[PDB]
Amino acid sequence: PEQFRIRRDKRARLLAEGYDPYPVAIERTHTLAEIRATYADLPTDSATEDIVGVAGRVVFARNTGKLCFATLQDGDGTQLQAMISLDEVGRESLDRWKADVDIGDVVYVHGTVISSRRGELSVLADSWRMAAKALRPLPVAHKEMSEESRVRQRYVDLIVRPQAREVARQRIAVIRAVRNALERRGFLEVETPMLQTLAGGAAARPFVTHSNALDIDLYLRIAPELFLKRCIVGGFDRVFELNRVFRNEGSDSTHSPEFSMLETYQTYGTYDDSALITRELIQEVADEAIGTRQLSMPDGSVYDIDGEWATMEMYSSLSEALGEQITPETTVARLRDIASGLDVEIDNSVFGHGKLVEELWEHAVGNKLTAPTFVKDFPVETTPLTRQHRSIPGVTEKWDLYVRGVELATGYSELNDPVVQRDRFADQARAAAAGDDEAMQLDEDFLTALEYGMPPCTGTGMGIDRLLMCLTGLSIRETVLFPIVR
């Protein structure tokens, strides 16, 4: 509060003296990266006659008697030296540089591109001008900022930490690579509503808001699934949506209340066809955005996502890990007895054959996975929107993709039978009567869409934040520019 006061008085002083501290219409001829690219092969002590007008943030400054030096940093992080010389700008201008410019200020420097005696690419200024007065100083080093401080002040983090910039450009590139992978395969991107009168498509608690236009309660979407399927009925052959979803989770990590989600739907394909596309897409995104399929991790290890990935069935692989065959006909009592013998804590809310089989598979198989693995053929009780298997009874055609031990993507053979889909919702109602506040409510308008006939299709889902976690090992609080904070 004392450092801020000195800079505030300096700003007020400049404004009164006529020196605009936040001027408008400053013309910048080059970005600092353009200056470094053009004169990269410039001799050590040479000097050009090229006039440039550059602007950047002063991050280092050192003043001598007649000659002042300053390191300007552009937004991307490119640095360039500015030389304010007594012979070049005059005494009155040089004195203002020492009195007015502090670390963090944005300044405009107009002069000639030279290379200092030490071979530093510099701008020999003939004029300088304040572009944005900084009332608060920059941190001394990015190591001094905690992680919660980077989240609360991402704007400061992007200035002082080069990796903060890299991750930001990385997310933009990964999302860009996901779209290119889907457009190469003929998928079109549509927009489905985010405010919905009934929020279906997933098992999650929704955010509720009141609409004054409609005088009813609206729900933030938990998934675009039910509206993307209406697009399939309408005639979209290959469709996807890469945008935000909202899930009202409570005191649970790895999942944020708001995250970006990719859902794709493709007609006349099964969950086998979407599993192949999902693997090729992830591997293509790694090539385009990361540059390798040998993913470097923060702990120094290297993770391999190349090649073909293993596939296993849930009931079959769970039976191998337990030594006892588990089938859809296995009783809930038998599953609870196996869990008690393994010292596994069934989370009170978990009940039923399907949820218990999934919890046992996660403990006995899922958590021990390291390489990318597909697990397919799920219990029918826990996959209401998934078509039943061709031959195997009691299971549905769904796969979950595990990369580095984390659930990354999921794919269905979509249930298009409207009579069976209504039966699944009746089973969801009975689960809701038992205490499951995440069960899916019956969406009548969605069933009406299926009753006009939906072609067979396969649908996928994958969180972008989860994808960034697999490719870079960084949590959602690092790959999102402004994560939510109290």
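Numbering starts at 1 and runs along the sequence shown.
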{"query": "Segment of higher mean CA temperature factor, 182-190 or 91-99", "finding": "91-99"}
{"query": "Mean temperature factor over C-alpha atoms, higher-scoring stretch between 443-451 and 44-52", "finding": "44-52"}
{"query": "From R293, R129, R404, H363, residue of greatest CA B-factor", "finding": "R129"}
{"query": "Peak C-alpha temperature factor (PDB record), options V420, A432, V59, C457", "finding": "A432"}
{"query": "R230 by Cα B-factor - lowest, middle or highest third of the modelled chain", "finding": "lowest"}
{"query": "Record-listed C-alpha B factor of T112: chain third", "finding": "highest"}
{"query": "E166 - which third its CA temperature factor falls in, relative to the rest of the chain", "finding": "middle"}
{"query": "Third of the chain's Cα B-factor distribution that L471 belongs to, per the entry", "finding": "lowest"}
{"query": "Chain thirds of CA B-factor: placement of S256", "finding": "highest"}
